[PDB]
Each structure stands twice: as C-alpha cells, then as structure tokens.
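In: Take a look and give me a structure for this.
(6 chains, ligands or ions: 49)
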Amino acid sequence: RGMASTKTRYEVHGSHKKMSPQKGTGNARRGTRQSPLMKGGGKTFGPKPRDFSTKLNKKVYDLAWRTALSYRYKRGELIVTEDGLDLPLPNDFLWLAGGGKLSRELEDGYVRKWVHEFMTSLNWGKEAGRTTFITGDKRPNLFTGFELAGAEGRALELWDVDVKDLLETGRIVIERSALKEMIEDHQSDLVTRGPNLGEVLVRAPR
Amino acid sequence: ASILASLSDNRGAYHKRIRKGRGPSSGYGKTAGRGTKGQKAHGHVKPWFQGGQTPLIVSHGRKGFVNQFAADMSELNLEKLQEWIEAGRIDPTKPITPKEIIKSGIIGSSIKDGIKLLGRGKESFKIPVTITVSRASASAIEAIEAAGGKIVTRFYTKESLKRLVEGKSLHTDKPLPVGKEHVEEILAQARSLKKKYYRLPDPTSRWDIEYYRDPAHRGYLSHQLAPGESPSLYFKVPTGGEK
RNA sequence: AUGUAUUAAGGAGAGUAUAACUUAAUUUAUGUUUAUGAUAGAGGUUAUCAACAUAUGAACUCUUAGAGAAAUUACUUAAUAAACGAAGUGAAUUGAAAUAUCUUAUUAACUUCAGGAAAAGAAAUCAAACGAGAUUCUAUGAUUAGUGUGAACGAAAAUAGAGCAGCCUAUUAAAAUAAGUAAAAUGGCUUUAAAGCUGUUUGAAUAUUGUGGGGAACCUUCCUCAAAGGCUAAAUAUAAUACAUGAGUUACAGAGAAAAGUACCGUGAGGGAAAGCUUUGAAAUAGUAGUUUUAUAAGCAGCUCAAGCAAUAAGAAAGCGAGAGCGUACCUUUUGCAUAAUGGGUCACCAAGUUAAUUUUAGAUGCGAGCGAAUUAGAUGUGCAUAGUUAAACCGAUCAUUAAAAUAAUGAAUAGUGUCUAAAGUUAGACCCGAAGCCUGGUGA
RNA sequence: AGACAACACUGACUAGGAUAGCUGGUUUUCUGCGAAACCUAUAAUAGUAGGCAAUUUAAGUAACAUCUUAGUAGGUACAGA
RNA sequence: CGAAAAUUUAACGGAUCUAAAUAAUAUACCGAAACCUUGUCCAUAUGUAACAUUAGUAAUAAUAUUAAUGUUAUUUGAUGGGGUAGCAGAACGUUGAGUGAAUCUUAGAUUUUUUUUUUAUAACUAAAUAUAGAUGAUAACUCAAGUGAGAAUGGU
RNA sequence: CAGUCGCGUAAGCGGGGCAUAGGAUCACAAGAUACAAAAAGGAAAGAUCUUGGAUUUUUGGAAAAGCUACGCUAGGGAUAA
Ligand SMILES: [K+]
Ligand SMILES: [K+]
Ligand SMILES: [K+]
Ligand SMILES: [K+]
Ligand SMILES: [K+]
Ligand SMILES: [K+]
Ligand SMILES: [K+]
Ligand SMILES: [K+]
Ligand SMILES: [K+]
Ligand SMILES: [K+]
Ligand SMILES: [Mg+2]
Ligand SMILES: [Mg+2]
Ligand SMILES: [Mg+2]
Ligand SMILES: [Mg+2]
Ligand SMILES: [Mg+2]
Ligand SMILES: [Mg+2]
Ligand SMILES: [Mg+2]
Ligand SMILES: [Mg+2]
Ligand SMILES: [Mg+2]
Ligand SMILES: [Mg+2]
Ligand SMILES: [Mg+2]
Ligand SMILES: [Mg+2]
Ligand SMILES: [Mg+2]
Ligand SMILES: [Mg+2]
Ligand SMILES: [Mg+2]
Ligand SMILES: [Mg+2]
Ligand SMILES: [Mg+2]
Ligand SMILES: [Mg+2]
Ligand SMILES: [Mg+2]
Ligand SMILES: [Mg+2]
Ligand SMILES: [Mg+2]
Ligand SMILES: [Mg+2]
Ligand SMILES: [Mg+2]
Ligand SMILES: [Mg+2]
Ligand SMILES: [Mg+2]
Ligand SMILES: [Mg+2]
Ligand SMILES: [Mg+2]
Ligand SMILES: [Mg+2]
Ligand SMILES: [Mg+2]
Ligand SMILES: [Mg+2]
Ligand SMILES: [Mg+2]
Ligand SMILES: [Mg+2]
Ligand SMILES: [Mg+2]
Ligand SMILES: [Mg+2]
Ligand SMILES: [Mg+2]
Ligand SMILES: [Mg+2]
Ligand SMILES: [Mg+2]
Ligand SMILES: [Mg+2]
Ligand SMILES: [Mg+2]
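Out: Numbering: from 1, shown residues only, chains lettered A, B, ... in the order given. Ligands and ions are numbered 1, 2, ... in the order given. You can find the structure just below:
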C-alpha cells in the first residue's frame, strides 16, 4: 500500500515563534517548537506516502512464470485435468442445500467435513502440503468448498494467479484450458519472430 | 526447504550499503566523509562555481549556433538493406516504400523527418529493387541502378510519414497535377476509395522544391524540367559562345 | 495517508431521567419481518427483553430587529462561519557566493464581489501547403524553442488519460452581427521584437466577386479565422460526513488534542499543555542483609603479581581481597591538551546523508541491431541506439579548413537497450540544530 | 533624556515568509589501503576550484625504486687575488 | 676563587658516592610490544583431497560423475599485520513483512535475572520464580526501513 | 604542406625587430563567408573568418564614501585592555 506518513518540522502544528532568547537565559538556544530535538517535534526523515512498485521486463516476468511452471512440472506437482474442474459434491446434499431445507450451520458443517475427508483420501490435504486449484471461471462448488475448508487447499481464477501463488502450495491442480491460456499469455520472449502449445498426441477416447 | 525460502539474487548483484553517521568502526562515523568544518561540510557549493575564476565559456564564448530547421533523416545503408532481403524481411519484388521500411525495423522504431539511403556496402549490392525514400547519396543512386533497379526520391514530412504507417494516407510517386484538365479524373478516384484518405504534401519552399526538381537526386519533380533547364528556381545555365 | 460515495452555513450560553437532550429536556401512530429472523412465559421504573422502513408532537437564550458592557433590555412567527473561487492592490526574506536589471513572484498578504462550486468555454484558435477542430484537470513534449551580461526563468504544436455537448427556437428567455471600436504615436504592463492589457493625444474598413484579424521585427502572395453581442452540464477546488484499504501509529507514538483549543499564560491580538488500561517492572537513586576489606594512609578507583578469608558434610570457590608494580578521564577543537581551552549532575527515552524527479557509473541479469513500452482483422500511445562530420547545412564512409578542385596536410569510425542491488551529480528543507535582521497583516494609551 | 508608548523601544507586541563560506553535533562491529597543511586562480587569505594526489580494480609495463659502469648539464662549499 | 633574589634543600630524580667522579681502553651482563622459536587469530593467494547443499548427466533388479557455493584439512614448511582525514570490502543487531492455514509448547512455549559453554558486538547450557495452548514464541532464506547514541551550554 | 612574392652567381634565407618589459568574453563597429531564414518569396535579428576602439591598471576582467562611546548576531581568540 505504501501510505505510511509522518509530520516533519514543517508540518507539525503550532506557531513558528522562537522559544527562548538567542542569549541571556543560559540554556541552549532554541528556535521553533517543531524541531526534531523537541518533545512533539517532527521526524526529519520519516515515512511518507510514496510508490514502492518497481519494474520488471515483460520478457523477464514471463520467463519467471514459465520457470515456476516448470519447477512444478519436473517435480510432479503440476497435475493438469480436463475442463469443468469442480468438487464432485454429493447430489443429495446439493439437492437439499439448493432447496433450502438445510440451515447455513449444517450446510457449512458438511462442506467442511466432506472436503476434509475427500482431500485426505487423495493425499491432497493438509497432511500433504496443500493444493491450489486454478480454473478459468469461478465455479460455485469449488470456490465455496475451499472457502469453508481452507486448511485443505485453495482455489483461484486464472486472472488471480501470480508467480508467487504457483510456488506457495504442495501441488497445482490446473485445467487444460487454463494452462493453455496461462503459457500462451507468458511466452513473450518465445513469440518474437511456432512451438508446441497444446499439441495433442493422444485424443480422449469418447 | 521450501522454494520461496530458498530464492535469492546472484551474489554479484548485491552491494554494500553505506550508512553514514553510525559509529567510528563503520568507517563513516562522525564527519561522514565530509572533512572538517568547511563550506562542503556546513552547506552546499554551486556546481557551476569555480572559486571566482571565470569559466572558459565566458572567457572564450559559445561557438556557433544550433540549426533548429535542419531535417532529421533516418539514415539507411545498402549493406543493411541487402541483409533484410536475404532474410526475407523485405520483399524485393514489390515497391519498397517508407511504410514497408518503417514496419520492417531496418531503420528502427523511431519515425524521424525522413529516410536517406546511403552507400555503405555498395560493392556487394546486386539485388534489383524499386525503393522510394526521401533522399539518397550519389553513390547509392548509381549503386541501385547498376544492379538493375529503380530509385525515386519523394518529399515527406514527419506527419506524412506517420500516416503512411497508419494507413491514413496512400503512397504515390507522383505530385498532385495542376490545371482544370485533371479535376474530373482526380475527383473520380477520391469517391471510389470510399474512405477519408489524407494527401501526401508536396514541397513548398525554394530549397525543398529544388532538391526534388533535379535528376541528380532522382527527384519525383524532375519530369517538369527540360534537358537544358536547370533545377534552381533562380539561377540559369549560361550559354557558351562568343557574342 | 489515499481512494470511493454523499452532502453544501457554523458556533456558543443556560437548563435537563449522567447511554437517552431542550422547561413536552425517554412524544405519538402506521407497515413488514420476527430464529426457517435480522446482520404460546416474566417484565410500564424490578421499565425502555425489537429491529428495519415511513410519518409525527416538542425543540429555550445569544450570535441574528433597534439600542447595549453578546447570551440583557425591548420587541417579534426579525435569522447563513471558515476554507475553496474571480478581480483589484501587491511586498520582503532568498539566489546571483557583494549589488542596482533579474530571481524570490502575476507569490504571501489585504480589499471587494459571488456560488455550492467559481472561473473558462463552442475560434477574428492553432497549424504549414497535410491538416487539427470549445473550455477545464493530469502527465509527456521540456534542465527544449527562447529569453537574459549572468544566476536563473521558460512556452506552443502534438501525444496519452479523466470527462465529452453543443448552440442563438441558447430549455429560460440574450444580437436587428457590434465605431471613439480595431489601430497609430507616446508612458507603462506582459513578453522574445509578434499577439495580448492599458493612461494621454488621435483615429479605419464592410465578406472568398478576397472587406477585416492572425500566421513572433517588417512587406507581399497564399492559407486561416470572422473582434468591438451572448448562453452552456461533466471531468477541477475546498470543507463536513460515512465507508474501504494499510511491511501506517499503539500512548513523550499518532494530531496540539484517547475528556482540548480545555486547564494555564497574556491588558489584548495571541500562545498553548499534561493526562490511556487490570498486565510486565529496566537503569539511576535510597535504606539494610550476607561474604569480604578498611582507623600510618597522597590509586581516573582499572590493569599485571598475589598472601589470606570464604561451602557444617563426599564433591564443588564465584566473590572480596592485604601487600608489590604500571597507569596524569572522555570528547571536541588544534601545530600541539591531564591541561587551569570547549561540552556534560546521573540514568532511561526522543534526537541527524532520507524521499521524489532527473542525469550517470559499477556489478549482476533479460533481449539483442535492436531494446523498452503497448495491443476476427487493422491502427494506436513518450524514449535511446542503428553513421560520421562541420559553427551550420549541403554532403555522407566519408566529412571539415585549403576564397576552384585534387589521398598535399591534420582531426574524427564499428553493441546497443531494459531491469534490479549499491554508490552518486542536479533541483527540491536535502545530514541535523542555531542568528541578528527584512517585509506584510493585526493588537495595545 | 534617543525620554515614554503595559516582560521588550537608536522604533513595541503578535502572526505569516528566511538564510547562515560561521559554531556545535552526526549513533553497530570486523577487515584492507592510507594522506595533506604545497602550487595556480579567486573582492581572496576561516572559503572554493583545478592540480599534486589518498582509495577502488581492470588492462599494461623496455613500469617504478636502488646500485654498478660510461656519459652529460651546472659554478655552491672550498680555495684564490 | 670569580659565582648575589625573593614558599624549600632546588636543575646529581633521590639515597648516597673519594669513586658509585674524570680521561684513555677491555670484557661479561641487563635491556623494547624490535628480532627469534613454539602456538593462535586475521587478510590475500596457490594446487590437491574429503564432507554437506543445490542443479544436471549416467548407472542400477542380482552407485558414479560434472559445475557452483559453504566448510575442514593440506601443498608451496606461501605472503602479509600501527593509523587520523579519507576510500573500499564483509558482517551482526533492532523494527515490520513473505514462505506461515508452517514448526514447537503443563513431558513447561514464554519469563528484562543468574549461570555455563563456544573465537563470542552473538547465541547457547543449567538453575531459580511465575504459569501460557494462542492477540504466544520461533529456525532458515528473503523483503522494506521512523534500524544501532558517553557527547549538540540538545529535549522530556 | 599548398598558395605566390622579395633578395641572391649559387647554396639558400624570409610567417618583423640580438634575447628578456602591451589582457579575454560580452556589447559595438568595418570588411568578407553563403551557413540557417519560425507559412512561403525576401528581410530583420543570428552563425563562421579577419580587424578595430580598453590606466577593462583590483590588468582570469564590480559602475561604489564614512560614523556608531547606544550598536546587534555568528564566530576566532593570528594578543587585541
Ligand atoms: K562516499
Ligand atoms: K565539527
Ligand atoms: K557577481
Ligand atoms: K537555451
Ligand atoms: K503589441
Ligand atoms: K501526545
Ligand atoms: K528497579
Ligand atoms: K536515526
Ligand atoms: K530605553
Ligand atoms: K599499513
Ligand atoms: Mg517568524
Ligand atoms: Mg508529533
Ligand atoms: Mg526493492
Ligand atoms: Mg563497489
Ligand atoms: Mg576512518
Ligand atoms: Mg568525501
Ligand atoms: Mg573540506
Ligand atoms: Mg573578480
Ligand atoms: Mg442587534
Ligand atoms: Mg435580540
Ligand atoms: Mg505542460
Ligand atoms: Mg463580428
Ligand atoms: Mg488595442
Ligand atoms: Mg502583425
Ligand atoms: Mg490585434
Ligand atoms: Mg462571434
Ligand atoms: Mg512502520
Ligand atoms: Mg515511545
Ligand atoms: Mg593499617
Ligand atoms: Mg590555539
Ligand atoms: Mg583541576
Ligand atoms: Mg575543563
Ligand atoms: Mg558542566
Ligand atoms: Mg532513533
Ligand atoms: Mg547523426
Ligand atoms: Mg609536510
Ligand atoms: Mg570562509
Ligand atoms: Mg670556472
Ligand atoms: Mg638535589
Ligand atoms: Mg612483531
Ligand atoms: Mg606492524
Ligand atoms: Mg589495520
Ligand atoms: Mg527467565
Ligand atoms: Mg544529551
Ligand atoms: Mg520567411
Ligand atoms: Mg512569419
Ligand atoms: Mg586579479
Ligand atoms: Mg597569470
Ligand atoms: Mg597562536
């Protein structure tokens, strides 16, 4: 944010009269009351509202994005899935929650219990780091599930991901379309004149 | 352990921070590298100050003036023009115009007051092309024609060169005709285009008109001259003989 | 602190159910939902055990009729702060290492007038032979053009963003298109000599069928606009209120004010505090207790040598120390200080090379004759480098002097660009603290 | 009487706007190197600038210092009239 | 002998000395933080070996190796060692921040003390007192500074 | 080195004086140069080269008299009571 602020001797309240005479009182000669040497005087080099942001080349920022995406690929922590990446919550619960029979206290108490036991079977929960789900759009089940059970992981939208978010959890669970759009938006250094970007080797057996 | 707790810049990128006024052992302690009670310790000296002695620019004076009317050409050589064609970045079969010289990158990413074709590497240039620039050196005009090409020097400004890249103006190697026997054909063309295109300006001053009026520069106004006529709008070729 | 939204007159005196606010100082009614809400009881003083929305009774005195020593008199359905805005008048400190022009500065201040904003505004504008198309706000353009002996001062076109709106039949009522006007001389202002503002004395013309203004001395052609009449929202300024955010503060901090312009000081204008909570308990200082030394001695109280004392007990000696020697505090400032040269009663806390823009360098690293930025199809948004040369253009791997030229002579030629870390030059308070003075507005006999 | 005009008067008090080539102060440790008080210019001599020149670390060295051997410039001590 | 000054012997430092004075010689000894020797610390080198971390490259169903960085040892029985103004390098500490929805804590996290150890502006061992499950503390690496005070007739 | 002049039989000499004692910029003025010309054609005002007028004599270049015993501030105590 960088909004911290402090008052200098030129902003502190009060009059700019001289405190004690130049000579005659025997004490150290003093000027105005807003000097830093006084009790309520201003801080000379105090913080001020300024901009802390720096610059990073688009090409260097894109290389850092594909380096964090490859650091996960070689370690097996990049698990891409198909589209429609949402938590497969039971149908009965969804029918009751949508209907309104279930109160909030029970609707939330269940999502927390199910998401915890679902992530533990997959070895994807708090006992094994955590997981980050990156999807193109916001899905109710997923984003709502990881809002009540946050110890098991989190969910993010493709536009809400940074280079620091890929490196902050145990695993990255990303969608096929999300990845194709994630590497296609950060290949500035590559696309300057193409390379394989989503080339299909084995097709889904419909 | 964690990756975010194991990142750092190369050691060669970090440098010592000198905080003055923080103890004797630091090496920048009391005086803070200022000396002892001078003007450089108490206040600030004017940078232009030399102690009182007059500077040399006042003892000699400033020499010359800065020409504020000279055109800022975008220099282009033949050694570099041949490299773009061998790489396939400039089509030699089509006319090479400022729109295609600025969008290819040969002259850079800055559009200046014109484009001048120079003659560096004129010995290894053997590609027949049809180039159009604002100027051309004597060695670049005959080097382009020795290979079997054609060159024409047109008049451009900084604004007209920008409209050519933006497509707001169509390129043409001919000046606007003059007379009542051309309105019917020129106005015909404007309607057909079905767009608001701007026109390329023609020279107006004496020097500008004369530069593109002589065949030495291959000016696009050279067709207005007779073989015995001179390019200058004031001087004339005297006649040789006894009379 | 910034951002968003909303709003566009403020204070005091006295009184009162001490969460409740005006002599009625806890008024009286509606509608809806009420635990699946909203965000089958007890309880009218043993009260307000109900929130939201919409209405509603009451609301004193002064500022504020007249007078006066404001909160009184006397009457009566008497009533509008500050900041922000425009114009008028207009300094000085400061810089130029003095100082007159200049800078500070179309500044501070004062004076009048006006509104929730005001001002300005739909070209007698800019451009340059192509064209743009009102005003206002922000950045770039620009430590530029330019001015000036200097120090310094300093545009416009254009570009990008915020807003966008045009008109005279103005959405609130206005022109029969502007004459003592444009302009000239002269005295000033502004400024580059133009354009613009102006006191004195003078004084024009009537539309592209080329009349008039401008295009930076000036004349002409061309271009361009149409003064001497008007209307116009938004983006902008300030204050109040509410909310959001925080590698902002957490009590000598934050604000001057966690009960504050209050207590207190001053005839007055004016100056202007301290003080959080139930937690923790540092140092200095004081009175004692244990161990140890001390009444023959001339110690910056430390250091080197060290007898002895010191644990009821197997084991375990920190501490104090007689006696011997060495040692004339610290800092600052100086050629040089134990100096009888400067500074300090002790301890705790506060207290000084920082930030911004700009211009550089080193190292590291990205791209690479490109870099950076920025974006179904296309365009758009500063910059630096890619070529040198001269006073300058022409010219150009060649250029300049040689009054013609010419290897006659002499000089100059080849990886840039962005980012981060650090150190820097420049301009800003500019590492911190400290004058006497000068100017303007007020106060007091 | 340079007298008085409310602590202040060779021109009061109060608020707003300064500079100071002068003085004082500038806070943790370790490591490497290590000066000068001279010349020139300056309304300058308490300042400043350019040198000499301290530091950093790269490229160079027929580097620099000292001695030996041969050579060269220049007139002091001394001695003399 | 000449040779006289005002606090006190008053320029042998003093005691004292007939040499323990003076002149010409000789030898031993003492004597500095100088030098030597044996160790230590630090700075800069030069090759080699080994250990750890990180990142590659190969091998493995019957581990080896390459590079960078840290570290110890060792080769040349390597060289070097005062310091103001000043210049430069390398670190520690303080406050806040990320990794952190992490790690640890009545089997005692935390306790301004005391104590112990380690080439040590720092942390650590133990002890004593009190009692916290996080509005607690925290390694490592990194990020930003209102970051370090015996000195301003400084201020509270 | 180029240009083109003098003297000398020639070699050759000549970019003032046997040597050592005469200040810029700015402004201004007179010649040349043909560089740029704020819409354009010219011009004005600029630019280069040569040259001139200077107790610019504080001669690296201010247009410049004193008093304060009523003095003020910041300092040094270059010894000033
Ligand atoms: K420095
Ligand atoms: K000092
Ligand atoms: K001056
Ligand atoms: K200029
Ligand atoms: K005028
Ligand atoms: K306070
Ligand atoms: K205490
Ligand atoms: K500080
Ligand atoms: K008096
Ligand atoms: K040394
Ligand atoms: Mg004042
Ligand atoms: Mg404060
Ligand atoms: Mg940073
Ligand atoms: Mg460095
Ligand atoms: Mg030092
Ligand atoms: Mg220095
Ligand atoms: Mg100095
Ligand atoms: Mg002078
Ligand atoms: Mg009245
Ligand atoms: Mg009244
Ligand atoms: Mg601007
Ligand atoms: Mg009119
Ligand atoms: Mg006029
Ligand atoms: Mg005119
Ligand atoms: Mg006019
Ligand atoms: Mg009009
Ligand atoms: Mg902070
Ligand atoms: Mg505090
Ligand atoms: Mg005794
Ligand atoms: Mg002295
Ligand atoms: Mg004493
Ligand atoms: Mg003393
Ligand atoms: Mg004292
Ligand atoms: Mg501090
Ligand atoms: Mg160039
Ligand atoms: Mg010396
Ligand atoms: Mg001085
Ligand atoms: Mg002789
Ligand atoms: Mg004696
Ligand atoms: Mg030694
Ligand atoms: Mg030594
Ligand atoms: Mg040392
Ligand atoms: Mg403790
Ligand atoms: Mg102190
Ligand atoms: Mg002209
Ligand atoms: Mg003009
Ligand atoms: Mg002089
Ligand atoms: Mg001289
Ligand atoms: Mg002296």
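In: Tell me the residues of chain A that contact RNA strand D?
Out: With C-beta under 7 Å from any atom of the strand as the criterion, chain A meets RNA strand D at residues A:10, A:15, A:16, A:17. (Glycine included, C-beta is placed from N, CA and C.)
In: if you set the cut-off to 10 Å instead, what comes out?
Out: By the rule C-beta under 10 Å from any atom of the strand, the part of chain A lying against RNA strand D is A:10, A:13-18, A:21-22, A:28-29, A:31-32, A:34, A:37, A:44-45.
In: now swap in chain B and tell me
Out: Contacts of chain B with RNA strand D, taken as C-beta under 10 Å from any atom of the strand, map to B:16-55.
In: Which of those residues fall in strands?
Out: In strands, defined here by DSSP state E, there are no members of the residues of chain B next to RNA strand D.
In: Keep only those of those residues that are also close to RNA strand F.
Out: Applying C-beta under 10 Å from any atom of the strand to those, those adjacent to RNA strand F are B:37, B:50, B:52, B:53, B:54, B:55.
In: and the third one, how many neighbours?
Out: The criterion is other C-beta atoms under 10 Å in any protein chain shown. On that basis, residue B:52 has 5 neighbouring residues.
In: in chain A, which spans are helices?
Out: All helices of chain A, identified by DSSP state H, fall at A:58-74, A:91-99, A:104-121, A:140-148, A:163-166, A:176-184.
In: what residues does the first one touch?
Out: In this structure, residues lying in contact with helix A:58-74 by C-beta atoms under 8 Å, 6 or more residues apart in numbering or on different chains are A:56, A:78, A:163, A:166-167, A:171-172, A:182-183, A:186-189, B:3.
In: Now with 10 Å, please.
Out: A:55-57, A:77-80, A:161-167, A:169, A:171-172, A:174, A:179, A:182-183, A:185-192, B:3 (C-beta atoms under 10 Å, 6 or more residues apart in numbering or on different chains).
In: if we can go back for a sec, dump the ones next to RNA strand F among the residues of chain B next to RNA strand D into JSON lines; add distance to residue A:72 as well.
Out: As requested, those are exported to JSON lines (distance: C-beta to C-beta, whole Å):
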{"residue": "B:37", "distance to residue A:72": "62"}
{"residue": "B:50", "distance to residue A:72": "63"}
{"residue": "B:52", "distance to residue A:72": "69"}
{"residue": "B:53", "distance to residue A:72": "68"}
{"residue": "B:54", "distance to residue A:72": "69"}
{"residue": "B:55", "distance to residue A:72": "63"}
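In: Identify whichever of the helices of chain A lies nearest to ligand 17.
Out: helix A:58-74 (44.2 Å; C-beta to the ion).
In: what's residue 152 in contact with, if anything?
Out: By default, I'm working from chain A. Taking C-beta under 10 Å, 6+ apart, we find residue A:152 in contact with A:112, A:115-120, A:122, A:124-127, A:130-131, A:145-146.
In: You answered for a different chain; I wanted chain B.
Out: Counted by C-beta under 10 Å, 6+ apart, residue B:152 has contacts B:95, B:97, B:130-133, B:136, B:173-174, B:212, B:217-220, B:222.
In: Good, wrapping up.
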